[PDB]
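Chemist: I would like the atomic coordinates for the input below:
(one chain, ligands or ions: 4)
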Amino acid sequence: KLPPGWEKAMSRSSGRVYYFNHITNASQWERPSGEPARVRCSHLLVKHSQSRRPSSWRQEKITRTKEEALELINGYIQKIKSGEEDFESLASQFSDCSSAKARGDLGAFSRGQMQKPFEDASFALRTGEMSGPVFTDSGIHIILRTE
Ligand SMILES: CC(=O)c1cc[nH]n1
Ligand SMILES: CC(=O)c1cc[nH]n1
Ligand SMILES: CC(=O)c1cc[nH]n1
Ligand SMILES: CC(=O)c1cc[nH]n1
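Modeler: Numbering: from 1, shown residues only. Ligands and ions are numbered 1, 2, ... in the order given. Find the structure here:
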């Protein structure tokens with residue numbers, strides 16, 4: 001029917017169908033468009049107190065809770081989707097991963113190299129698509145597939 005991971009869902013507030021991807025946590029009103037050995041992705045990471053390494057170039061000690069990190073991620077998604085900001089601009093300014101200095105680019109990778117949730121979300125994205133929140137041992141990510 002739909003591309004991998006995508007399902008129809010019902011909007012509580014509106015009563016209209018929407019589309020949800022349980023691999024990427026993407027959601028959208030529009031029916032999705034239309035696997036490679038490698039993908040290239042950029043990401044924005046928000047760390048929290050339980051991150052594998054709760055420290056970053058932004059903050060020597062990261063003290064926010066997981067719930068606070070998810071709210072930050074949700075806010076960044078809203079700003080990107082509204083057109084207020086672009087993905088890589090927010091990654092350069094606010095990502096807790098050292099890749100922030102390269103607009104969040106992680107380069108190209110195959111299956112079997114990244115943390116599995118990150119990998120699975122990345123390979124279910126099409127070029128130009130963004131994930132919803134992706135949870136790993138590093139923290140909470142949003143992912144942009146660039147190639
Ligand atoms: C160990 C734990 O609760 C957690 C939640 C996210 N990352 N780690
Ligand atoms: C799973 C996780 O990190 C989280 C934080 C808030 N809700 N869920
Ligand atoms: C460039 C950018 O912000 C974006 C978000 C989704 N796809 N691209
Ligand atoms: C393995 C690695 O560096 C990774 C996984 C998700 N993000 N970064």
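Chemist: can you map out the helices along the protein?
Modeler: According to DSSP state H, the chain carries its helices in the segments 66-82, 87-94, 116-124.
Chemist: and stretch 48-64, how far out from the chain middle?
Modeler: Remark: stretch 48-64 is offset 18 Å from the chain centroid, using CA atoms, centre = their mean, to the nearest Å.
Chemist: one step back: what's the closest of the helices of the chain to ligand 3?
Modeler: helix 87-94 (3.3 Å; CB to the nearest ligand atom). The C-beta positions use only the backbone N, C-alpha and C, and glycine is treated the same way.
Chemist: got the CA positions of that closest one in CSV?
Modeler: Extracted in CSV, the C-alpha atoms of helix 87-94 (Å, rounded to 0.1, in the frame of the first residue of the first chain):
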residue,chain,number,x,y,z
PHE,A,87,16.9,22.1,9.8
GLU,A,88,20.6,22.7,9.4
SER,A,89,20.5,26.2,10.9
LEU,A,90,19.0,24.7,14.1
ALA,A,91,21.5,21.9,14.1
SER,A,92,24.5,24.2,13.9
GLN,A,93,23.1,26.3,16.7
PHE,A,94,21.6,23.8,19.1
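Chemist: buried residues in it?
Modeler: 87, 88, 90, 91, 92, 94 (16 or more other CB atoms under 10 Å).
Chemist: and ligand 3, which of those reach it?
Modeler: Among the buried residues of helix 87-94, the residues that sit close to ligand 3 (CB under 6 Å from any ligand atom) are residue 87.
Chemist: closest to residue 31 among the buried residues of helix 87-94?
Modeler: residue 87 (22.6 Å; CB to CB).
Chemist: contacting residues around stretch 94-114?
Modeler: 37-47, 51, 56-59, 62, 72, 76, 87-89, 91-93, 119, 122-123, 138-139, 144, 146-147 (CB atoms under 8 Å, 6 or more residues apart in numbering).
Chemist: wondering if it reaches ligand 4 at all.
Modeler: Yes - applying CB under 6 Å from any ligand atom, one finds stretch 94-114 in contact with ligand 4 at residue 114.
Chemist: how far is the lengthiest strand in the chain from where the chain is centred?
Modeler: The single longest strand within the chain, with elements called by DSSP state E, is strand 38-46. Offset of strand 38-46 from its chain centre (CA atoms, centre = their mean): 7 Å.
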